[PDB]
Structures are given as structure tokens and as C-alpha cells.
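Per chain, numbering begins at 1; letters A, B, ... match sequence-line order. Just so you know, these numbers use all the heavy atoms, side chains as well, and skip hydrogens, waters and symmetry mates.
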Amino acid sequence: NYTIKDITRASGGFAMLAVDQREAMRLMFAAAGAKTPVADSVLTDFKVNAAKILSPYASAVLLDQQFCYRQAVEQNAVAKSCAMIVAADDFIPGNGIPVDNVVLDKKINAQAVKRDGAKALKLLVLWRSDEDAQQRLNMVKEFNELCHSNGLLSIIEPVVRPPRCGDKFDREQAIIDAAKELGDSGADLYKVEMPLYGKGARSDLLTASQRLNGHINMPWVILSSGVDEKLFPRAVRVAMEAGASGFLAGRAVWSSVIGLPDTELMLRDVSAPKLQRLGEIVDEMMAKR
Amino acid sequence: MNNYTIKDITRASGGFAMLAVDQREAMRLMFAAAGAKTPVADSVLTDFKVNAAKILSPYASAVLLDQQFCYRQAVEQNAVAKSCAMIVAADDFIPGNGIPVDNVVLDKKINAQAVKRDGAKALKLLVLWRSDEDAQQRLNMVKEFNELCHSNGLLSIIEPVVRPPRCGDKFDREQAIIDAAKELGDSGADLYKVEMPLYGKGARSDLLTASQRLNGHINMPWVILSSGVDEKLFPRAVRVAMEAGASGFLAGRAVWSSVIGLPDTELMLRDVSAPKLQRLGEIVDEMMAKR
Amino acid sequence: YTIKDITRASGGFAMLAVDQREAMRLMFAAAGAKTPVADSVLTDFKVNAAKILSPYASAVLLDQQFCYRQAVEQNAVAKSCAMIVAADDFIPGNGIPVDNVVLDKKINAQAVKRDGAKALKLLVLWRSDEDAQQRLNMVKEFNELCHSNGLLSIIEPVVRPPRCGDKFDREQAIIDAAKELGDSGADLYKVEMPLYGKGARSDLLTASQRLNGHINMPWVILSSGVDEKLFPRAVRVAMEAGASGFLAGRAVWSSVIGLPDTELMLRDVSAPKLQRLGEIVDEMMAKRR
Amino acid sequence: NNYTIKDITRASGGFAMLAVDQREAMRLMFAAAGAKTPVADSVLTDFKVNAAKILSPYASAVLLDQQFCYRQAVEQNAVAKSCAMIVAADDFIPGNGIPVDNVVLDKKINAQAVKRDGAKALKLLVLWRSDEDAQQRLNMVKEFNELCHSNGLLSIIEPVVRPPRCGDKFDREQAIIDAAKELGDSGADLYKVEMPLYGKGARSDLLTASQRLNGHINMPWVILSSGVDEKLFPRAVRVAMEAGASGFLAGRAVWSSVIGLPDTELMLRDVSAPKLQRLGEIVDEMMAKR
């Protein structure tokens, strides 16, 4: 039975790296001027290099079976100090985007990924105001049972989207409504979008983060999608002041080096200092408790 | 009562040189994007649409108006030149997935007899086309629309617009335009309003080949719309589409999008928009003269 | 020589400029033309612009460097359109193509007059810390070159920041140039539009009336610095203030540079804009009594 | 009046130096990043002193200007004791619509006074143009070297290439080489140079261009970051040092990205400091190889 201590820093803070992005990462390579079509091997090589170079600074790394889990294990890319999280979400494209719908990946063999050293699984939950709450709660319950019956931690990631029908979309209220619905759903860790995209006055960001904290009844961390990499360190500090326990971040660490020459040099010189600073901020905030 | 015919919405040459100002929430988003004070009032859309009709209808064989923002106002203010026929939108746009037009149905609130009394000669229906949605539902909506028009002596204009599938990531926009024409190009409407292949970009010879391929699947007169075509490439698009068998255009953005949010709207419609619509009409006559 | 030789029947000026030299090569490069851009690309564009647009112009401004000889030999200039020949020698410097300008000592005024030219044009760069007397002496020499050969003189004062200092008020510089050169005995003053033709019509009219008060010869506006969509309003406002029309290049043809099918684009995109500007000139001259 | 290069280097002998001396060019950066205009002098002063206070702990030296921050940084004890002070001795003259069209020696700099305050070096920008007189540049560098050396200060020269006053022949890469052929043996203590090729392209071409430049410089040399993307500056330092450079003296690649962000002190600590720390680690790694 793994527990939360297995994916945290010695301080108890979460300083976790995400490299599990799938077709969304292929689109990032194309947008940064990579030769199209972008081969699967370009994603695999980047993900394994990111794990190899950045996992020494992370309490856990989130890997996907589609492009990098098997390769990261076989190549010993993950530092012994860094726990493995395996994505258990099956992304369904639609309406011109890579992740229009998400279901539990029926191909994940929890016992097999546990034998390979995984300590946790992760599930994206898309949240829309006009889709049924009970279907989301049932998917989270099935996911929690898959994790807990195999001694793995469950990490859920509710992400808000506009309604299927209608034009009433308040992103800030949707994040609160998702937390009211799923913040006490029996997962081990809640991974949430940062209120206000981490923008604006620190005082308003803290108020919005404290409002969110009040609806989450498990440890929670922020993800970086939608937050400028320069504002993500402040977002971690403010979220943790509000009651968060750290971060699970991808884009705010490595997005800026996609398409630059000398990938391994760029991950070490550009990405690693950003991940190191985020880990130091987590320890500073945990020390204040 | 009046039975309108294609001649009632064409130039003397028989070419179509038609203006669209029926955009609804999509036009509000254009005003916001161009720096208009938010929230953008309905009156800003109405005033722009009526000014566009007043200033540009003298250069158009028909103008497409929406009941939501401008049909009643354009009629009451005599904004439409008598030489310009009125087309009324009969589509009900349903927003979803963060866009203003995610779904479309026939507007059950349109009273065809009432809009005919106000002088309308034609109705228009947007049809969203997706590879994984049922063709029979699209064909049934077009049949009900054709009956609404024809039973009231009005012309039927259909506008198939391709969208990515609801589920999956296989989207070939150029093939989708062809597949929509194979499905709806012989559906008994009076006029087919179609997206320009290749967004009107690239070598003239490739644009002509793509336009001739599309022509082969359309068994009614057809015109091109300008959405997705740079205003500077739209004149060439009209020329190439007409060389391939099209009979003209029904355009909005390529005529007036560039003046949204500029000062002195009436001056801008006259000095920037009108010369572009005038040139498109001259191109339509030049191409009709070659046939 | 008479001003009536370069005006519309109304007496308004509706004139086309295609005399841009290295500045036009930079426009081709910026629009994605294969570099280095050959001289023949400029010549072909200039001659096509003259051939297609001169039917809508009361005069066309040509340069000897790239197009005067070719336009004459190929009968590119409509009989209804007078020829203006540039008499300026552009000197590059400080990373720009036109850092300094002198009278072109190579222009044979008698030879261009025999070809049917009616006018010469001279750019005068105006800087607050350069000597007014040197500018006035160059304008006097230019006026004598024109008038002694029965040609009209068109001067184009263009304001630039000072050689030394950071005090640059573009609107005051335009006024100071007109106070200095607005009664210099040229036949026509070609001026930059106040405020780049931007803002409220009422402020544009006030700025145009202020400029009018300092110009004691007919004056026209040039389009450099004015968005092509605001140039029609700029002509209307300048003429309400006392201007007699325009001598424009960029606001007519800049948008077709680098598009496919150049001749089609000049006819379908550029010509309608030049036609509308001519109609505005006639509308404004008709209000004059 | 003994002076030593060791006073502005890391223990490794590498240079890991911070520049915050930008004047009207920094005001233009604040305006471009959406600061309320006109931008007050106090906005520049507060930013420069905060940058010194927060970043000087990671730098072997900091370059300060008298116009906006030298007096304030000294009075407020903003410079870490481990970080040497370099004082700008250039007087920037605007012209032709830019803030730095011409540069002369600042006749107002009191070398004895800044030395009493603990400064170890002065810095002089030299604008290099193919059609301006080489002898006038060499004479200004000689006067500057004498001002420094007679006061026990190090001399840092920064030749920056510009297009000619007259003509359109401007080869930026050849100009950098011609400036080094002219000034690379001019008796200054340190040569501060623009990175060849803006640090862009294949590492192999960047190294060749850096080795060509190294061959013309007969004093220690460092690269500046102006014109190099902040993400390519770490590779530029590594390649320049492989070619024979001894480190960097950088401003924009450290702090430009935080201008106009909220919570300036937090942003300098969380965004700027990690970049300066990594550059210092790269300098030590490269000095260890030699």
C-alpha cells in the first residue's frame, strides 16, 4: 500500500513533473516549427530526455504508456528519488481538439504498471455544467477502486470546459463547481487549474485560491496549463498560502524548449532551473506550517 | 401572390452579386475583437447592419438580413435599394463548445408570409456538415426548408459549412466540402452557397482544378461565400469559381469586416467597403459575358 | 507649364506614386519575395502598376533608377495621365535607405520634357537640428531646374528625428517644415498627413486646418504612415482643410506586394482604391466655389 | 592604485557579471511592457536597486549607472559584499530616433569617489561604425584606460557595431571581427562583446564564429546578452567559453522578462535569479575544463 509520503519531498510538499501530454504535445512540436508530420519517436525522445534530466528535481513524474512509460523504465531515465505516476486516462479527440472526451483507459494493467515501479495513477476528468455529475462521480469511483485495490494512489484532475450546448461559461465559477462536486470524492490527491490563470493582483489571487481550498477535502496541487511560466512560481506560493501542498506541472517547466536546438542542453539550462526553483518554493511554504 | 425566380436576385447579366449582413453573435465577437466597448449592445449590431444595407445595397443584386438584429429596421427605414432583393435568414444558431454556431436548426419562429409581405424574395439556411453526423437529418431539414420557401413563392438558399467530426481527429476540410456537395448538391434548393476551396490561396491553376471538382457535384446554380478567404484574394476566388461554373458570390466579411471598429462607420462603408463590392459585381458581369 | 496639366478636369490632384527605390525592395523582402530581390522584380511591378493604375490617375511619379525609361518605351502611361519624374538622389545611412537626399545631378530635364513629362519631384528631409538655409537653397536650385525647363516643381518635405537629441514632436515638425518651405515658390507641396490620419475626425480637421494656414501653394497628402483604410478619410479631411488632393503609392498598391497574379491583384485590389480616392477628390472639389 | 581581474571574477576565475546600467533604453522597455507613461525616473531606480539587492548575491560583479542607481545602491547597501561594483563611465547621446546614437567618456564621473565607495572597475560603451575614424575610438579607449588605471580601477570596454553613417554596406558579423581587430589589444582589462550570430543556429557554426572572434581578442573577454534570446544565452556562454571567452556580463537575458509583471521583488527572485544562478554554474563548469 503506497501512501502520499511516496510522492512528496522530505518536507511533505508535492514538487511533481508532468510529461504525459499526448496529441497535445505533438501539436506543440508542430506549432514550434518541427518538420510535419511529427513522428511518435520525437515525442518519446523528448519525454524520456525530460524524465532523465528533470526527474532528479521532482518528487514524482507523470508518464503516459502511449509514448514514454515503457521507454523511461527500460532506459532507467527516472531518478530513484522520483516516484512514477502513470496516466490512466484515454483521451478521445473531437470538435477539432485532441481531448474532447476522456474515459478510464481499460488497457492500463494496474498490477503490471505497479510491478514496473508505479506508485500512483492519474485521471483527467472533463467538467461541463450541462453534463451529468453522477457519470463523473461514477468514473472517479471506478478509478479510485482500480488504484486502491492495487495499493496505488489515485490522482484526479478536473478540467473545466464550456457547456456542450449554450454560451454561459464562467471559468472561475466552473472551477469552484467542479471542486464542490469532486473535492470529497475519495481520491488521494486533487490536481486543479489555477484560478484567474495566475494573473492580476496577488491579493485577488489569494482570495480566489482560499475560496477553492474551502471546497477541496483532500491534499491538492496546481497544474500549470493556462499559467504563464513566469507567473507559475507566484501561483504555487499563493495556492500553498491558501492550503495547496504543491504542484504537478509540465508546460511551465519544459514548454519553452520545444523546437529549440540541442534539446538535452536546453532541458538542463532552461527547464531544470525553473523546476528547481518551484521545488525550493514548495519547501519554503511547507516550512511555514 | 408573387412567385419569385432566380432573375429577381441576380444582376441584369444573370450573375449573383449578393451582400451578407446576417451574422449574429459572430458579428458581436468581431466588434469585441476590434476594440468596441464591452459588453457590445444589440444597437451597435443593428446600426452597423442597417448602415451596411443603406450604403452597400445599391451595389448588390440581393442582401441577406437577419430578423434578430436588422430585417424589420432595414424595411422600416427604406435602407434597401429597390434594385437589391431581400433575403431573410431562416436559421436558428445554437451556441456550444465555446463557439456561437455549434448547431443550427430551421427557425420555427420565422413567419414566411409576414417576411414576404415586408418584401423578402428568398430565405437562407446554414447547414453544418460533419462526417459523423447523420446525412438523413441534414436532408430532412433542407426538405422542410425548401417546402417553407416554395409553398410561399420564396427562393431557397442553402449554405453547407464543414466542421470537424464530433468524435475523432480525421478532418480533411477540402474533402469535407466535396462530401457535403455530393450529399446536398441536388437537394432541390434554388441556390447552393459554398465555402471556397483552399481558402482561395495558392496557384490559380490548383484553385481552378479544386473549383471544377466542386462544380461537378453541384446540380443547381452556386455562389461562393467569403468566410476564410482573405479580402484581397476574394476577387480572384470569384473569377476562378465562376470559370469553374459558379454564378457569383454572396459575401459579407470580404466586403465589410475590415471597417468594424474604425471611426466614422458610414464614411468607411462608402470609401473602403463599397469599392470592394463594386469591383466584385464588375467581375461577375465580366465572367457572365464570357458565357 | 501649368498645374492644370497634372490635375483631373475638376482641378483636383489624384496622383499615383511608384518611384520608391530601395524602400520598395525592402517591402518585397518583408512580403516573402525570394532574396536577394532582383532589380527586374521592382521594374516589372512599377511598369505593371503604371500600366494598370495610370488610367485612374491625373499624374504618375516615376523614378529613373527602375522604371522611367521602361514605362516610356512600353507606353505604360495612359495618355490621360501626366508623367512626374523624381529628381532626388537617395543616400542610405544609419541602417535606412533614405538617410539623406540631394538633387540628382544626372537628371536631364530637357530630355524628360521631350518625352512629355510635366513635372519633377524632390524629397526634402526636415530635421530640427539641420540648417534651414541649406534646405531652402536646395529647393531654390530645384525650382530653377524645373521652371527654366517649363516643368512644374513638386517638393515633398518629410520630417525625421534630429541628428542629436531625443526632442522629436512629429506634429510640430510638420508645421515647422511648412512654415519654412510652404512659401518657397514650388508649384505643389506634398505633405505627410497630420496624426497619421488616426483618431476623431474633428481633431484631424483642426490639425489639417493648422497645416493649411502655413502652406501658400496648392498642397496634396502622401500616404506613407497612413493605414490604407484611413487614407480615404485623410484625403476628405485634408481637402476640407484646404488641400487639393493626393499623391499616393502605399495606400494604393502596398497590400498586393508578394500576392500571386500581380496584374490581377493590381486590377482587382489596387485599382478600386485609386478609383475611390479620385471620386473623393472630385466630390470635395465640387463643394468648392 | 593596484588593480586585479580577480576582484570581479568567481573563485574559478570565470566572470559571472550582472548589468543593470541601461538608461533611456530601460525606460523604453518599461513603456513597451505596458507601464503607465510617462515612466518616472523612480520606476527605473526602484527596479535597478531591487535587481541589485536580489541578484547581486549570484554575481561576481554588478554594473551600475550614476544616472539612476549607483548612489541609491550604495546608500541602501543593495550590493552583496561578494559582488564587486562596476560603474558605467559612458555618456549616451540620443539621435536619429534612438537613445544611444553617440557615446563619449562621462566627464562627470569622479573615479576617486567611486573607488572610495569600493567600486573595482569602470565600463565604456564604444559604438563602432565602418565609416567613423578608428583613431578617435582608440584615443577614447586610451583616455578611458588611463582614467581607470591611474585610479587603481579595471577598464572594461564594450565595442558595439552599428550600421555606417553613410552607405548601406553593413555586415554585422564582419563588423564584430573588424571592431576586435581594432580594439582587441587596446590595453583594457576586459573586452565585453556581442555574441556572433545572435547565439542562433547550429552549435558547430556558433563555435567556429566564436573561435574566429577569440583569435582577435588579446585580453580576457565576456559576452553580453543584447540580441540573444534569453533561452539561447546559456548555450551562447558555453560556446563562447569553449572558444576562449571567460564568461558573461548580462542584463536582458537575466531580468528583461520580469519588466511590467506584478510583484517585482518576487519575480526577480523566482524568474530572474534562477537564470543568473544557472549562468554562473555554466561559467564554473567551463572554467573547470581549462
Side-chain donor-acceptor pairs under 3.5 Å in residues 21-34 of chain D, sequence neighbours left out?
| from | atom 1 | to | atom 2 | distance (Å) |
| --- | --- | --- | --- | --- |
| D:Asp21 | OD2 | D:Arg23 | NH2 | 2.9 |
| D:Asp21 | OD2 | D:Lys123 | NZ | 2.8 |
| D:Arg23 | NE | D:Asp21 | O | 2.8 |
| D:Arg23 | NH1 | D:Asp90 | O | 3.0 |
| D:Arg23 | NH1 | D:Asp90 | OD1 | 3.0 |
| D:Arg23 | NH2 | D:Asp90 | OD1 | 2.9 |
| D:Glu24 | OE1 | D:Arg27 | NE | 2.8 |
| D:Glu24 | OE2 | D:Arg27 | NH2 | 2.9 |
| D:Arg27 | NH1 | D:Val39 | O | 2.9 |
| D:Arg27 | NH1 | D:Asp41 | OD1 | 2.8 |
| D:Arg27 | NH2 | D:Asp41 | OD1 | 2.9 |

With sequence neighbours left out, write down each residue that passes side chain to side chain donor-acceptor pair (under 3.5 Å) with D:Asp229, or none if nothing qualifies.
D:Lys231
Part of D:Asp101 lying under 4.5 Å from any heavy atom of chain C
side chain
Out of curiosity, D:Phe92 CZ to C:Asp166 CG, how far, rounded to the nearest 0.5 Å?
13.5 Å
Against chain C, label D:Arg162 side chain, backbone, both or neither, depending on which of its atoms sit under 4.5 Å from a heavy atom there.
neither
